[PDB]
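Below, in structure tokens: the form deposited in one PDB entry, a single chain.
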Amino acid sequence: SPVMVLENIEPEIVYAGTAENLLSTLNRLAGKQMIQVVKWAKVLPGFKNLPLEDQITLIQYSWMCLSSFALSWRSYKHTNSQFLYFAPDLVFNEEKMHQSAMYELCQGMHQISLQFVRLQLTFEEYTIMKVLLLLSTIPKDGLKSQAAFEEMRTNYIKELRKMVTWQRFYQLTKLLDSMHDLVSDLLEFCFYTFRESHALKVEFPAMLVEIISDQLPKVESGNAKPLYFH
């Protein structure tokens, strides 16, 4: 059953409208995308039944994984992965990557987009993997309904199996582990531009200000335990 509902609840499109200007713009796009993210999550099978608290945590702990992974999907569906399709009005060229002073991070997300096309990823696999990323980062000590959380997660994993079936399941779950590596780098650059936003002149909406404000204190503390498949 999950296969369908997941596919029916997929979001639409969001617009974005020197490093400082670009970065600030991306943080704007991010804040708007986030409501899109929350709408998609609220009606997610299994997930929606967890206490409200657990849903917030899971989201804030994965907002970057979800933003990054989704960008790749978009860069793959709209440009054959030859560009970074952040939004219809903001597609990154080799140049803007440099222009953004976030080049290698950009190359990082781009390389994910390259796997998608190389692997010929399908929307079904994407949907399930997206859910998995939403359930891959949890507090070091757990959540209020841990057992419920674990059962649900292992089920989405089995769901991805039935989906792919075995090199496929490996290639797909290894890419998700990879996502963890890229997301740690992004978050460091984020915590930096955030911490020194006034010195760099980098802006943050308010949704992001409240997500990042809880995030780094506990992430730089080692409390955000990433879940790996391999």
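Residues carry their position along the shown sequence, with the first being 1.
The next section is about a form of this same protein that is not shown, the form deposited with a partner chain bound.
ask   = Can we say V38, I56 and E210 each have a non-hydrogen atom within 4.5 Å of its partner chain in the bound PDB entry?
value = Yes: each residue has a heavy atom within 4.5 Å of the partner.
Is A199 near its partner chain? Define near as a heavy atom within 4.5 Å, in the bound PDB entry.
Although its partner chain is absent here, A199 would stay clear of it in the bound PDB entry, with no heavy atoms inside 4.5 Å.
Next on the checklist: Residue-level contact is defined here as any heavy atom of the residue lying within 4.5 Å of its partner chain in the bound PDB entry; does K42 satisfy this criterion?
Outcome noted: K42: yes, in contact with its partner chain in the bound PDB entry.
| task | Flag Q60 as yes or no: does it have a non-hydrogen atom within 4.5 angstroms of any non-hydrogen atom of its partner chain in the bound PDB entry? | result | Because a heavy atom of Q60 falls inside 4.5 Å of its partner chain in the bound PDB entry, the answer is yes.
- Message: Contact with its partner chain in the bound PDB entry for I13, defined as at least one heavy atom pair within 4.5 Å: yes or no?
- Response: No, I13 stays farther than 4.5 Å from its partner chain in the bound PDB entry.
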